[PDB]
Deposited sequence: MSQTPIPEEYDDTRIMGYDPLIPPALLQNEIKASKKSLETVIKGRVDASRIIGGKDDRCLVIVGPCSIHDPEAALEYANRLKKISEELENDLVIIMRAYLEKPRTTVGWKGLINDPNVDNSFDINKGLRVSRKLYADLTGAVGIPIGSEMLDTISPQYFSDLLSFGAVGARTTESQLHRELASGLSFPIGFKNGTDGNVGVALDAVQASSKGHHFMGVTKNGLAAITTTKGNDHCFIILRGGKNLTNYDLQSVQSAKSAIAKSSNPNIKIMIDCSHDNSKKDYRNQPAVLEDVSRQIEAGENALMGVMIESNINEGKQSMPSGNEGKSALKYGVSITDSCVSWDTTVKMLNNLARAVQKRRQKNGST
């Protein structure tokens, strides 16, 4: 006789989720939303596959905390996306979590926990970005259960530096309906990202849930639309030319010698300082301007206002990591858009 002190000894409690098929029906994806989602996946895939000379730009706040502040940011970002449509493909970074447990964990930013209210707030936000304004969005892929609530509204997915080697995330990447980007290792390792791209191109079996919320094993087809992201190491930056050449050499000896490179301009490449973000973009832009076709895009941590605060809170200011201003951002995107114009001039 053992009094169930062998099971869930470290589980404070379970909070059952709303079934994804029901959340997808309560907050439905409008036709204009799915039009934006499919267009974002196709436009990004053409740049990844080498069929388009434009640059894929993943720009947005490090984390989304205020839905109304993010919806006003997207209206600014969709305007500039239409003006630079000939050279840039802009996908807004709509990350839900990284002080702040996230939008799915805490919708009211008051340190509570309402996982169901978080899913409705995050999905209705996703439905408004792709529908009300009409801009493609991308999120971070954290587990094998959350994507079942947002996959019909996502056009891009990122696997962080600390999960690129995770076999579970490589399996899930093989079953996601949008292009995936693998960041290099936390020490600057490029090889682990090439291994992730190759592994995710194969069919796999991962443990997820059905649309009704039932534990089930999933059979995947493989994701042939993947790329690597250079975000630097804990002690190094790899956005410079010698580092791109080092990555280009590693790709040439891999199983996918057509892999293109995206450069994170924030995080460790900018020493976590937003003022170095424009100077980092100038370097990669000049590499592109010289005619480097292996360079595919960039990542920009931008916001309505530059800087970072804590959690009575400033409007349009990030709460996590560090962002650049909007007046800064439009210059970064304009300077990059000219570099893309100069690249295809050398390709003519």
Handout entry: Ranges of the deposited sequence (numbered from 1) for which no C-alpha atom is modelled
Key = 1-4, 103-107, 321-328, 366-367
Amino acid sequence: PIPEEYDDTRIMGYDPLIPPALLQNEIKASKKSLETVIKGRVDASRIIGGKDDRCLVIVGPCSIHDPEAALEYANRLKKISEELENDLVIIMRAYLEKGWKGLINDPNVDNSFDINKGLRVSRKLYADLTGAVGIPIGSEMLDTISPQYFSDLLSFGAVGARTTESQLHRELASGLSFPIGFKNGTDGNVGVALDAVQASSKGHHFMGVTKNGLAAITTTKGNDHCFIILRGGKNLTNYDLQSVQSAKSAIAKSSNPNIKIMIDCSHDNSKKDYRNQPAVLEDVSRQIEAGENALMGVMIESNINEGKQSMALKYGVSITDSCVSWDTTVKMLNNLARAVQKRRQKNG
From here on, numbers count along this sequence of modelled residues.
Handout entry: Of 156-164 and 228-236, the stretch whose C-alpha atoms average the higher B-factor in the entry
Key = 228-236
Handout entry: Mean temperature factor over C-alpha atoms, higher-scoring stretch between 252-260 and 106-114
Key = 106-114
Exercise for the section: Pick out which of 38, 298, 279, 64 has the highest C-alpha B-factor in the PDB entry. Expected result: 64
Exercise for the section: Compare the CA B factors listed in the entry for 219, 245, 75, 151 and report the winner. Expected result: 75
Practice task
Check where residue 24 lands among this chain's C-alpha B-factors and tell me if it's the lowest, middle or highest third.
Solution key: middle
Problem - Within-chain third of residue 215 by Cα B-factor, per the entry - result: lowest
Practice task
Would you please rank residue 140 by its C-alpha temperature factor against the other modelled residues of its chain and give the third it falls in: lowest, middle or highest?
Solution key: middle
Handout entry: Third of chain Cα B-factors occupied by residue 273
Key = highest
Problem - Modelled-residue ranking by C-alpha temperature factor, third containing residue 174 - result: lowest
